[PDB]
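Understanding the architecture of this molecule
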Amino acid sequence: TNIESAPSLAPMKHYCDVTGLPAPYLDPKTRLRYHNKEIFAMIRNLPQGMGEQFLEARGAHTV
Amino acid sequence: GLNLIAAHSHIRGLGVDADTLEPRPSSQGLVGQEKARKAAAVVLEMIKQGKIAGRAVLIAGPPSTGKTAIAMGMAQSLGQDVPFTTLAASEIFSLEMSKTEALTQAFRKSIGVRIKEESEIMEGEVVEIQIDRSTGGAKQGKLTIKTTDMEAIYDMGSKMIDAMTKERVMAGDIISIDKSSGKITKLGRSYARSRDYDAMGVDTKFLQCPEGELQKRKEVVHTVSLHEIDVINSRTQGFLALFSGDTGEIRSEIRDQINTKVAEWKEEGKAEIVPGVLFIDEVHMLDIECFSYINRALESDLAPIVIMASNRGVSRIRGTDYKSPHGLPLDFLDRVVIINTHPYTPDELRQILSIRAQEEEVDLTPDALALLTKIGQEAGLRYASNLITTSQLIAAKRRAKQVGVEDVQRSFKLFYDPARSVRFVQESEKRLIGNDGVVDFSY
Ligand SMILES: Nc1ncnc2c1ncn2[C@@H]1O[C@H](COP(=O)(O)OP(=O)(O)O)[C@@H](O)[C@H]1O
């Protein structure tokens, strides 16, 4: 019927939006998940619109 | 601080070359006793290597010849990395438990189990907490937290919301979370939020924000003695008896289980065994029943090294009516080696008085030091060291900047030494209460 799957109820693992490594941390400001202080520093210095570009790979962009 | 200047405060160690064990004529606060300090240095090597179990060493010598000083030196040169138990023999005579129980407990305090455990710990300044209570509370909440290097939001589980509301966490608090267990410790308050803390009094201190990763695998090293494991296992909150002291006579089958369990942990590598040392000061105050116990408590792989000090000559053993060297039975002295401490020469007396005068805040003129050295030879090292404090107080009352001979002479006149005090009782014999209880009150 072309209607054929449903979301999981298992809780979701957290991965770094930049590097895909496991992420302990969720940035409050930019909503990116990040692995460590090195990537938090880089995340806060992204060019305009690059934060949304990282959310797009997760399918989580603002629209 | 809290730690005041005690009799031994100047002793920082044994004063011994780590390469050769040659004692230096003065260092780390110990003067002379070189042959004795060398032997005590050999004992530290045995203690630190852990290989040998249940050696007993006796430090034998006249009073005030540095037997305790050398014992303090060893404690200071082992440091906190090894169990060091200091027992006055008078303490074994408990009413809570038998003498042999008290000796078992003292031995068990002197073997350590060293255990290494990691935890993830989260530490940072709280940027924000919001909690929604609906109305029963703890329905949901969010924590924002930062270091200087990172910032994060956390969705909180309801028991973490209870931990947060219990510890009254508020914006600006610097907290640590042991997330394997969820206790919050409020390390402090950020200075950057000082105006928010309207209820905190002006005496309140403020910290800087933490730094680095919000989460770290901190590794903790614990040492727990065999006695602590025994007491824990004695009753439902047995560990409390490690503080109130009302341990009964802990049953020996409990200890044997623990001895087996610890050997298991050693072979699995879950734990390491750290043999310490038991120091028994005035070992001559033990009785004949104690000595026959100690004989066989030494013959065990979980025996510490034992160190003992005695002033006694050929003297009566307690609990019997005959006399033996050091006051100790020959049956026991067979399993002991003796380190003997000698009286000091005058140049050593001068140095010890100088070190004691520098440990105390005392500016001492050279002639006062010479006079105190003469008194030391004639009245004993302890009496001369007691006169240092006195003369400082006398000099201070006349506003003097240095302790002069004048001040030492007031002290010598005001406070009798032992020998002068013995003469006083002999000349005052009819006025003092004699051993027959007789005394005369009349002029
Ligand atoms: N060799 C030494 N070096 C430095 N201080 C010493 C020395 N010998 C004794 N003292 C100090 O002099 C005092 C008497 O010695 P102490 O060891 O207490 O007596 P005892 O041998 O009777 O136990 C203590 O305050 C001790 O610290």
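Listed as the method for this PDB entry is cryo-EM; the listed resolution is 2.87 Å.

1. Points about the overall build of chain B
Scanning chain B from N- to C-terminus turns up 14 helices and 16 strands. Taking 443 residues into account, the globule formula puts the C-alpha radius of gyration at 22 Å, and chain B, at 29 Å, lies well above it. Each principal axis of the C-alpha distribution contributes one length, and for chain B these read about 90 × 65 × 60 Å. Looking at chain B residue by residue over its 443 residues, the buried ones come to 42%. If you sum the accessible surface of chain B, you get close to 25,600 Å²; carbon and sulfur atoms cover 49% of it. The centroid of the 57 positive side-chain charges in chain B is displaced by 3 Å from the centroid of its 63 negative side-chain charges.

2. What about the interface of chain B and chain A?
You'll often see interface size given as the accessible area lost when the parts meet. Counting residues at the interface gives 11 residues for chain B, matched by 12 residues for chain A. Surface buried jointly by chain B and chain A totals about 900 Å² across both partners, of which 54% is contributed by carbon and sulfur atoms. Seen at the junction of chain B and chain A, the total is two salt bridges. Residue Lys37(A) is joined to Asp149(B) by a salt bridge in which the shortest nitrogen-to-oxygen separation is 2.9 Å. Run the count over chain B and chain A and you get seven residue pairs in polar contact. The residue makeup of the side of chain B that touches chain A, split by class, is five nonpolar, three polar and three charged.

3. Overview of the site of the ligand
Residue and element names in this part refer to chain B. Near the ligand you find 18 residues, and of these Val31, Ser64, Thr68, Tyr344 and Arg382 are the closest. Within the contact set of the ligand, an oxygen atom lies 2.8 Å away from a backbone nitrogen or oxygen of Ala7. Between the ligand and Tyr344 there is a distance of 2.6 Å, counted from a nitrogen atom to a side-chain nitrogen or oxygen. Residue assignment for the shell around the ligand shows that the elements contributing at least two residues are strand 2 (30–31), helix 2 (67–78) and helix 12 (381–397). Of all the elements, helix 2 adds the most residues to the shell around the ligand, at three residues. Classifying every residue of the shell around the ligand by side-chain character gives nine nonpolar, seven polar and two charged.

4. Quick notes on the pattern of salt bridges
This model, assessed by the stated rule, comprises 27 salt bridges over all chains. Shared partners join several salt bridges into a network, and the residues in it are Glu101(B), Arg108(B), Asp230(B) and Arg255(B).

5. Thoughts on the UniProt feature "binding site: ADP 4" (unreviewed entry) in chain B
Residues and elements named next belong to chain B. When the UniProt feature table is mapped to this numbering, "binding site: ADP 4" (unreviewed entry) covers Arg296 and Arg335. The greatest C-alpha distance among the annotated residues, which extend across 40 residues, is 10.4 Å, indicating that they converge on a single site. Tracing the backbone through its elements, the reader meets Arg296 in helix 8 (residues 288–297). You can call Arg296 exposed: its relative accessible area is 54%. Its place among the elements puts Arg335 in the loop between helix 9 (330–333) and strand 16 (336–340).

6. Looking at the packing of helix 11 (residues 366–379) of chain B against helix 13 (residues 405–414) of chain B
All names here are of chain B. Axis separation between helix 11 and helix 13 bottoms out at 8 Å; the angle between their running directions is 30°. Classified by the angle between their axes, helix 11 and helix 13 sit roughly parallel to one another. Judged by residue contacts, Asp367, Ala368, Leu371, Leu372 and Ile375 of helix 11 engage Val405, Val408, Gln409 and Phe412 from helix 13. Considered class by class, the residues forming the contact of helix 11 with helix 13 number seven nonpolar, one polar and one charged.

7. So, the UniProt feature "domain: Vps72/YL1 C-terminal" (unreviewed entry) in chain A
In this numbering, the UniProt entry assigns the feature "domain: Vps72/YL1 C-terminal" (unreviewed entry) to residues 14–43 of chain A. Split by type, residues 14–43 of chain A is 23% helix and 13% strand. Its first and last C-alpha atoms lie 17 Å apart.

8. Details of the side chain of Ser391(B)
Residues and elements named next belong to chain B. Summarising the element assignment, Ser391 is placed in helix 12. For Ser391, a relative accessible area of 1% puts it in the buried group. Setting aside residues up to four positions removed in sequence, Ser391 forms contacts with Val403, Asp407, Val408 and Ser411.

9. Examining the environment of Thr223(B)
Residue and element names in this part refer to chain B. Secondary-structure assignment places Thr223 in strand 10 (residues 215–225). Taking the C-alpha atoms as reference points, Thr223 and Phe206, separated by 17 residues in sequence, lie 33 Å from one another. Apart from residues lying up to four places away in sequence, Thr223 is in contact with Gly112, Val113, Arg114 and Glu228.

Criteria and thresholds
- Residues numbered from 1 in each chain as written, not as in the entry; some residues may be left out.
- Chains lettered and ligands numbered in written order.
- Part of a larger assembly, values for the part shown.
- Heavy atoms only, no water.
- Helix = DSSP H or I, 4+ residues; strand = E, 2+ residues; numbered from the N terminus.
- Rg over C-alpha atoms; globule rule 2.2 N^0.38 Å.
- Buried < 20%, exposed > 50% of the residue type's maximum accessible area, 1.4 Å probe, protein only.
- Areas by Shrake-Rupley, 256 points an atom, 1.4 Å probe, with all protein chains shown as cover.
- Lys, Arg positive; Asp, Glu negative; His and termini not counted.
- Charge placed at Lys NZ, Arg CZ, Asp CG, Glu CD.
- Contact = heavy atoms within 4.5 Å.
- Buried area = accessible area lost by both parts, 1.4 Å probe.
- Salt bridge = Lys/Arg side-chain N within 4 Å of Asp/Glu carboxyl O.
- Polar contact = N/O pair within 3.5 Å; in protein donor to acceptor, adjacent residues only side chain to side chain.
- Nonpolar A, V, L, I, M, F, W, Y, C, P; charged D, E, K, R; others polar.
- Near = heavy atom within 4 Å.
- UniProt positions renumbered as here; feature names shortened; annotations may be inferred.
- Axes fitted to C-alpha atoms, helices over the stretch in contact; angles between N-to-C directions.
- Parallel < 35°, antiparallel > 145°, perpendicular 65-115°, else oblique.

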